[PDB]
Amino acid sequence: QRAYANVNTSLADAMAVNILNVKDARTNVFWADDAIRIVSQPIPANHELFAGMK
Amino acid sequence: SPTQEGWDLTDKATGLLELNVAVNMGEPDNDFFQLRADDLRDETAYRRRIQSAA
């Protein structure tokens, strides 16, 4: 489990959390190209069940 | 048919009687079924339900 560690320490019941967006701003967005995907599915309304509609 | 014996049968003729029986039908034995487009991405349950209905 520790092989997957990504942070140098844990939380200790008093660690103050600082918010980073303290002011409005239109976000610029960067990523790796294989980070966002779009799953898609068909809607099988061509079945013989849906008669009367094309 | 009835019958009678003898040579002279004056004013002893008989009519014809043909009775009949009546046949009808009952109410249909329906089988309703309701589905959506999602549940037709496999169609195995649909086919099995149709066969079981028959």
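The rules behind each value
- Residues numbered from 1 in each chain as written, not as in the entry; some residues may be left out.
- Chains lettered and ligands numbered in written order.
- Part of a larger assembly, values for the part shown.
- Heavy atoms only, no water.
- Helix = DSSP H or I, 4+ residues; strand = E, 2+ residues; numbered from the N terminus.
- Rg over C-alpha atoms; globule rule 2.2 N^0.38 Å.
- Buried < 20%, exposed > 50% of the residue type's maximum accessible area, 1.4 Å probe, protein only.
- Areas by Shrake-Rupley, 256 points an atom, 1.4 Å probe, with all protein chains shown as cover.
- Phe/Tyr/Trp six-rings, centres within 6.5 Å; stacked < 30°, edge-to-face > 60°.
- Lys NZ or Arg CZ within 6 Å of the ring centre and 35° of its normal.
- Salt bridge = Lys/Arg side-chain N within 4 Å of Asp/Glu carboxyl O.
- Contact = heavy atoms within 4.5 Å.
- Buried area = accessible area lost by both parts, 1.4 Å probe.

As recorded in the entry header, the structure was determined using cryo-EM to a resolution of 3.2 Å.

(A) Structural context of the overall build of chain B. What chain B contains, in helices and strands, is one helix and zero strands. Computed over the C-alpha atoms, the radius of gyration of chain B is 31 Å, more than 25% above the 10 Å expected from 2.2 N^0.38 for a compact globule of 54 residues. Taken over the C-alpha atoms alone, chain B extends approximately 90 × 15 × 10 Å along its principal axes. Expressed as a percentage of the 54 residues in chain B, the buried residues total 6%. Accessible surface, chain B: about 6,000 Å² in total, of which carbon and sulfur atoms supply 51%.

(B) Representation of the packing of aromatic side chains in the model. Residues and elements named next belong to chain B. A full pass over the atoms with the stated rule returns one aromatic pair over all chains. Judged by centre distance (6.3 Å) and plane angle (20 degrees), the ring pair of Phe 33 and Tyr 46 falls under stacked. With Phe 33 in the segment before α1 (44–53) and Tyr 46 in helix α1, the pair connects residues that are 13 residues apart, well separated along the chain. Given a relative accessible area of 36%, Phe 33 falls into the partly exposed group. The ring of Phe 33 has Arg 49 lying over it, and the distance from NZ or CZ to the ring centre is 4.9 Å.

(C) Looking closely at the pattern of salt bridges. Residue and element names in this part refer to chain B. Under the criterion given, the structure shown has two salt bridges over all chains. Where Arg 49 meets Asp 31, a salt bridge forms, and the shortest distance between an N and an O atom there is 3.2 Å. In this pair, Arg 49 is assigned in helix α1 and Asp 31 in the segment before α1, connecting sequence segments 18 residues apart. Relative accessible area serves as the criterion here: at 34%, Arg 49 is assigned to the partly exposed category. Among the ionic pairs, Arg 36 bridges to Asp 38, the shortest N-O distance being 2.9 Å. Residue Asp 38 is classed as partly exposed on the basis of its relative accessible area, which comes to 30%.

(D) Representation of the interface of chain A and chain B in the model. Each side of the interface is counted separately: chain A has eight residues, and chain B has seven residues. Roughly 650 Å² is buried in total at the junction of chain A and chain B, and carbon and sulfur atoms are behind 72% of that figure. In terms of surface lost to chain B, no three residues of chain A exceed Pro 44, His 47 and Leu 49 of chain A, which account for 63% of the buried area on that side. The interface formed by chain A and chain B contains zero salt bridges.

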